[PDB]
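Taken in order, these protein sequences are the chains called A and A'. A prime marks a further copy of an entry chain. In the entry's author numbering, each residue carries its 1-based index in the first sequence increased by 3. In the entry's author numbering, each residue carries its 1-based index in the second sequence increased by 3. Below is one structure, written out as structure tokens, with a few remarks after it.
There are 2 protein chains.
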Amino acid sequence: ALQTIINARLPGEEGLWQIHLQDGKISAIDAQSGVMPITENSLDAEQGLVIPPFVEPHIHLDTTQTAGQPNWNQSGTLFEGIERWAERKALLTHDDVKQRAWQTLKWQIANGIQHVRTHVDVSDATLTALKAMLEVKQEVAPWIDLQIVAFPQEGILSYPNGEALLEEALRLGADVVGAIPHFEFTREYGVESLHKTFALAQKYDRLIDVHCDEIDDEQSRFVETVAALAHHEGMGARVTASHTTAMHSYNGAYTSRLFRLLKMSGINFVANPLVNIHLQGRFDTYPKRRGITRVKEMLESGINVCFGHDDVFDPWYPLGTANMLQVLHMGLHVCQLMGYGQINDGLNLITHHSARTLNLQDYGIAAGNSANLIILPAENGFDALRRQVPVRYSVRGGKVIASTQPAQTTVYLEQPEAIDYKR
Amino acid sequence: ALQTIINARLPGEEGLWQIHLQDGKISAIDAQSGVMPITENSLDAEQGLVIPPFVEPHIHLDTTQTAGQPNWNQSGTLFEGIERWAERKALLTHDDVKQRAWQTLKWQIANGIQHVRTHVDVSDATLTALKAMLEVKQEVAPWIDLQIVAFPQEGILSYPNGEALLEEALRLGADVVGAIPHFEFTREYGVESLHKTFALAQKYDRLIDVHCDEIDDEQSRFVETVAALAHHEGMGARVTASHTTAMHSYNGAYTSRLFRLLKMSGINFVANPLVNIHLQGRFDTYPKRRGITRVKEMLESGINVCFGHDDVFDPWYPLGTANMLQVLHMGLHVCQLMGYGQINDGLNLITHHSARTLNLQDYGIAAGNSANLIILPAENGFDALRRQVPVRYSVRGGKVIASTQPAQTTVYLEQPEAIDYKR
Ligand SMILES: O=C1NC=C[C@H](O)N1
Ligand SMILES: O=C1NC=C[C@H](O)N1
Ligand SMILES: [Fe+3]
Ligand SMILES: [Fe+3]
Numbered sequence: 004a005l006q007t008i009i010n011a012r013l014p015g016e017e018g019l020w021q022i023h024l025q026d027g028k029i030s031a032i033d034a035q036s037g038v039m040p041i042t043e044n045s046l047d048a049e050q051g052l053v054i055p056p057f058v059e060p061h062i063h064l065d066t067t068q069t070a071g072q073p074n075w076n077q078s079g080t081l082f083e084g085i086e087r088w089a090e091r092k093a094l095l096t097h098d099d100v101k102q103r104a105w106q107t108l109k110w111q112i113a114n115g116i117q118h119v120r121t122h123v124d125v126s127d128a129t130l131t132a133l134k135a136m137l138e139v140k141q142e143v144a145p146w147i148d149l150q151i152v153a154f155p156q157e158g159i160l161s162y163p164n165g166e167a168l169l170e171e172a173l174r175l176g177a178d179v180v181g182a183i184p185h186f187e188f189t190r191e192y193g194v195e196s197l198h199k200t201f202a203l204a205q206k207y208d209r210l211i212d213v214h215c216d217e218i219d220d221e222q223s224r225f226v227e228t229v230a231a232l233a234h235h236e237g238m239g240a241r242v243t244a245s246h247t248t249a250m251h252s253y254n255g256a257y258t259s260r261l262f263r264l265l266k267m268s269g270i271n272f273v274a275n276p277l278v279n280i281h282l283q284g285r286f287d288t289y290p291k292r293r294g295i296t297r298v299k300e301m302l303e304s305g306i307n308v309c310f311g312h313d314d315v316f317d318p319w320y321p322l323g324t325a326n327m328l329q330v331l332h333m334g335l336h337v338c339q340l341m342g343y344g345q346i347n348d349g350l351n352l353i354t355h356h357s358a359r360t361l362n363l364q365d366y367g368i369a370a371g372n373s374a375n376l377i378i379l380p381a382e383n384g385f386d387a388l389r390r391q392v393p394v395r396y397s398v399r400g401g402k403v404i405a406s407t408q409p410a411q412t413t414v415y416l417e418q419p420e421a422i423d424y425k426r
Numbered sequence: 004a005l006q007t008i009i010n011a012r013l014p015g016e017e018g019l020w021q022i023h024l025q026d027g028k029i030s031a032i033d034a035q036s037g038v039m040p041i042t043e044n045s046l047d048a049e050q051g052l053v054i055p056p057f058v059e060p061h062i063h064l065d066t067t068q069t070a071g072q073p074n075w076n077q078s079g080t081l082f083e084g085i086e087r088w089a090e091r092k093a094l095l096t097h098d099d100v101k102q103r104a105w106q107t108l109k110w111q112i113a114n115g116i117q118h119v120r121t122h123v124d125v126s127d128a129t130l131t132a133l134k135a136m137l138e139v140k141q142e143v144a145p146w147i148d149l150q151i152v153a154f155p156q157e158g159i160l161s162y163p164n165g166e167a168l169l170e171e172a173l174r175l176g177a178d179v180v181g182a183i184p185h186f187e188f189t190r191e192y193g194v195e196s197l198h199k200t201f202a203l204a205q206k207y208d209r210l211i212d213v214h215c216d217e218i219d220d221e222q223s224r225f226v227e228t229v230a231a232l233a234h235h236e237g238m239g240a241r242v243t244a245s246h247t248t249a250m251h252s253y254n255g256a257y258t259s260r261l262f263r264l265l266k267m268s269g270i271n272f273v274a275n276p277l278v279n280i281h282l283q284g285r286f287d288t289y290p291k292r293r294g295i296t297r298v299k300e301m302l303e304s305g306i307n308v309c310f311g312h313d314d315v316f317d318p319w320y321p322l323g324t325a326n327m328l329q330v331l332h333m334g335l336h337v338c339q340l341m342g343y344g345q346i347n348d349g350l351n352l353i354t355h356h357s358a359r360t361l362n363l364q365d366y367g368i369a370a371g372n373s374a375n376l377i378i379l380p381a382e383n384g385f386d387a388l389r390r391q392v393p394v395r396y397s398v399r400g401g402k403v404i405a406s407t408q409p410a411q412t413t414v415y416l417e418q419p420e421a422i423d424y425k426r
């Protein structure tokens, strides 16, 4: 029966703050002039940072926890990954998908993630994973708001009954329409697939999230069609272009021309640093390109960009604990957003920007919003990132749904000394 | 008064093992056929992984904890970094250096690091940091064996009295001779500086560790002189080429020719992933090169290569907690050593390979060696890396010098559930 969050630090704000809770919502936020005493019904943030929940804007829960089954992706490429997944997709069962999705979802709850957008492969006449994921969505609702993207992994026009299956997925309840233009047989199929994707999103009033130009091909420019169609339909807010790794390889003049449209369109962008650094640059010898989209430039231009984990122990990525601060750490390094302020502001890439990408309507520490927030045992975004701190408490609807008792390290010198890695 | 380490897993070995300790050394190692019972004087590894101590083969303890003083490195380049450091170097004091070096050394002890090689800038007539570091070396000896590299940061031939100061540093006790050929005014000064570096190492019987070709210049090939001189003097084991980031930009034909010499010479290589990904590629627009040396190819050719953290919160790197598993994580991603076996074998890059780089004579879990070892709460190298586990216990001379009580995470679902991120 929590009534208040006290001694809280807030990004971009000076001092400590008190967050009053009432009926599962935030009733008011007031600044404090000093440290407040703890008491019953008060959750002490202990001068730690309080922020809305971490968000996972791009993950594949249907493939999670399947790395090496039946075989391993030896080349470390997107293309072999799809082929290795195809082998596993043929062996899927309802319970298998639910068990694995839930295992990763629990790690996400433990990591303060209360909003997740999972893509689900719908290039499968049986739609096995989709049916399973729709049940998981209902089951996990008390802890995570899960969005499902109908993702035509093998193409819309390049796979038998691809468009029909994509629409069937929407009729069954998928929240977002997906696409993968660079994987279609031809550039023309790629462009046409986007017109079909947008028509379905308008027909069913759904969001859009395209696996867009995930390839080191300077000629892969499907992103301009995604942005142009969004601008034409006046629906930028509901549209997302995931990856756009090809943008890392575009010449600067085209990119500058393109950026005007990206900003005017208002669409969202997702970069997946852990997976992008691994799968991109695989066709170069030396030097080897990084392959992440132009994150730094998007931020400088006011274009909404955010980070996703993409994969957790599957054909496209053998690692992960579904930790967003870890995803952010990799992104800041590869994108060279290493200035103090850029690092400190990094939290935006895994909180607010991701919420906008998911078109969330109830997100942020503000009066009237649901009492969904997490507490990090750190002074600010920089500190949280540097020390890769766990989530001390995760609060949803005004109730604690996860907590982590921090590790305790001691070094035995002339006398025992506690080490917290702070300066 | 520990007498045994029980229930230990060892890299590359099947089953559990018992490590008997006697007089501060490992007396014997025996395989177990099942789980052994705990008892007084027995340290239970609890089926966790036991390995010799982590090693930090390349760090700058004289500059650590000084990021932003007096100003920040705004460009994120090696060159501005040196210039920003120059401003701080002018404000150094004995106690200042000792305090900061010790702060980072404590984090290293907490992180199971018992061997550290620190470079110390000796392009300073007062040799302030060097005098301070020599005292720190004596002070920290019970927990860490610290090697000091006399590092002529501003060049040997390109800085006033550079060679004289370098030799003075050796006469005062520095363990390793350093150099920085790519920073010298001319290619000729670069080559000549290496002849002088080798002559000093032979005159004083010291090791060598060159900041070698840390620049995105395909024409920076000082590494061939380092390797050739080592081969000529028959001293490969005592020589290290740090960085060699220029190798990331060499054409393949020259690299192939060069590799024959690298292998024949027997010299060591250090890659610094966290810093290299940040400082390299800064002169590219898009695409942007990764800039780490050819780690994967060195491993395939049997060339000894290892990883260092390089910097901890200073002019060249604003982050860090001096954690080697974190350094390894970045290196595996950027170097694309992402196959299951490559990741699992990754521990070698921060243990055995680094010990060879430091020319250590008492290292490894073997009968007769000092009882210096650490325990990771993980099943193998892959698991330790994936979950970024802390060091449960660090043992030196048969005594516990550091321990970490792991964090405890719980998610409150229909019932409370402990989350350990394992599969
Ligand atoms: O096409 C893809 N499928 C799964 C992961 C990666 O994001 N790309
Ligand atoms: O020349 C250098 N000084 C400090 C760090 C970096 O390793 N390079
Ligand atoms: Fe994806
Ligand atoms: Fe260095």
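Note that the Cβ used here is the ideal one computed from N, Cα and C, for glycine as well.
Residue i versus chain A': which residues are under 8 Å apart at the beta carbon?
i, result
"A/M333", "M333, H336"
"A/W146", "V414, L416"
"A/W75", "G342, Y343"
"A/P393", "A410, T412"
Let me confirm a value: residue i is counted as buried when at least 16 other C-beta atoms fall within 10 Å, else exposed. Which label applies?
i, result
"A/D208", "exposed"
"A/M267", "exposed"
"A/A144", "exposed"
"residue 3 of chain A", "Only positions 4 to 426 of chain A appear in the structure, and residue 3 of chain A is not among them; the question remains open."
"A'/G27", "exposed"
"A'/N10", "buried"
"A'/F286", "exposed"
Check whether the Cβ of residue i lies closer than 8 Å to any Cβ atom in chain A'.
i, result
"A/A405", "yes"
"A/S252", "yes"
"A/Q106", "yes"
"A/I422", "yes"
"A/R224", "no"
"A/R12", "no"
"A/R293", "yes"
To the nearest angstrom, report how far apart residue i and residue j are at their CA atoms.
i, j, result
"A'/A48", "A'/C338", "32 Å"
"A/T360", "A'/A405", "44 Å"
"A'/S161", "A'/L282", "23 Å"
"A'/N164", "A'/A128", "8 Å"
"A'/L388", "A'/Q345", "11 Å"
"A/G193", "A/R224", "10 Å"
"A'/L265", "A'/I306", "7 Å"
"A'/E420", "A/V119", "20 Å"
"A'/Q21", "A'/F310", "29 Å"
"A'/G115", "A'/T189", "41 Å"
"A/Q25", "A'/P409", "35 Å"
"A'/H246", "A/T247", "31 Å"
"A/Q111", "A'/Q141", "46 Å"
"A/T42", "A/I8", "11 Å"
Can you name the residues of chain A whose CB is closer than 7 Å to the CB of residue i?
i, result
"A'/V414", "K109, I112, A113, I404, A405"
Taking C-beta pairs closer than 9 Å, name the residues in chain A that residue i reaches, listed in chain order.
i, result
"A'/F316", "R389, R426"
"A'/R297", "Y289"
"A'/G255", "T288, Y289"
Hey, does residue i have any beta-carbon neighbour from chain A nearer than 8 Å?
i, result
"A'/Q411", "yes"
"A'/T247", "no"
"A'/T67", "no"
"A'/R209", "no"
Determine the chain A' residues that contact residue i at a beta-carbon separation under 7 Å, and present them in chain order.
i, result
"A/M341", "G79, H281, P321"
"A/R190", "None at all; the shortest Cβ gap to chain A' is about 21 Å."
Using a Cβ cut-off of 9 Å, pull out every chain A' residue sitting near residue i, in sequence order please.
i, result
"A/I346", "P321, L322"
_Output needed in chain order: residues of the region 355-367 of chain A' with a Cβ under 9 Å from some Cβ in chain A._
none
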